[PDB]
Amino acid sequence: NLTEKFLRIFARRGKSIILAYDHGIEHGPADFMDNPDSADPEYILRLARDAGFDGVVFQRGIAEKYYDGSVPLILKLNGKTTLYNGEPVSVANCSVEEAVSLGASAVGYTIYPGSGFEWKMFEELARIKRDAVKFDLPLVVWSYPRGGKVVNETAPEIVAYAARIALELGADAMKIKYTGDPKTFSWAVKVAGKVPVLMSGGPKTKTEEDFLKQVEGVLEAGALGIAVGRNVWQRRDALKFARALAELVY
């Protein structure tokens, strides 16, 4: 049971905070200008350790050059850039076997349901899922419907669809976008069934209070917790705010 392994490692207190840091490929270093220390992966690991968070998410290159075993690692296997303009697609730049050798306790993979290339990711996810079982590493699916008929990505029915697809394809945990309110988000949590749901943190909010409120409703909806990047490390008071998030979530 890989969900149970995931919960044991990443949610020992019953809830989870994962510090996400795949943004260097997905968005590029413009994300790091607000708080320049955020460009240094060593600063990120220190933030995770000092705030008492459960994990970090790195791409293979960051894991290879910087990962030191100090916080449980989810190795994000695929990645794309915002420079890309086609139908959404993100392919693996790392195998599960290599993730294991880099010290990962879980692997991550993004799918874009609805994309003209949805099939390419489902096909590749099949191989990754099989390897995840073989190496006994939980699979965490970033389920982000995009392209095709998707217009609003945070619409209640799209997020619920995202959650269900991750369950159906074999996710042991999932990361999905927040709908903006606990009632509609709890439907997504419900259709995910036994698979725990992490809220994606999203763009830095106008105030810290706005994000604490989002996180409050995420927990009320029954989610396991949050996978947060920008709303922590884009802030110059990153550590202070991270510890307030820890207080709220645990």
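Sequential numbering from 1, following the sequence displayed.
- For the pair 155-163 and 175-183, the mean B factor over Cα atoms is greater in 175-183.
- As the entry records it, the average C-alpha temperature factor is higher for 198-206, out of 198-206 and 23-31.
- Per the deposited record, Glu87 carries the highest C-alpha B-factor of all listed residues (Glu98, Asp131, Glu168, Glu87).
- Ranking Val57, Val189, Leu219, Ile62 by the C-alpha B-factor listed in the PDB entry places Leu219 at the top.
- When the modelled residues of the chain are ordered by C-alpha B-factor, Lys76 sits in the lowest third.
- When the CA B factors of the chain's modelled residues are split into thirds, the value for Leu102 lands in the highest one.
- Annotation for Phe53: CA B-factor lies in the middle third of the chain's modelled residues.
- When all modelled residues of the chain are sorted by CA temperature factor, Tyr43 is found within the middle third.
- In this PDB entry, the Cα temperature factor of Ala92 sits in the bottom third of its chain's modelled residues, the lowest group.
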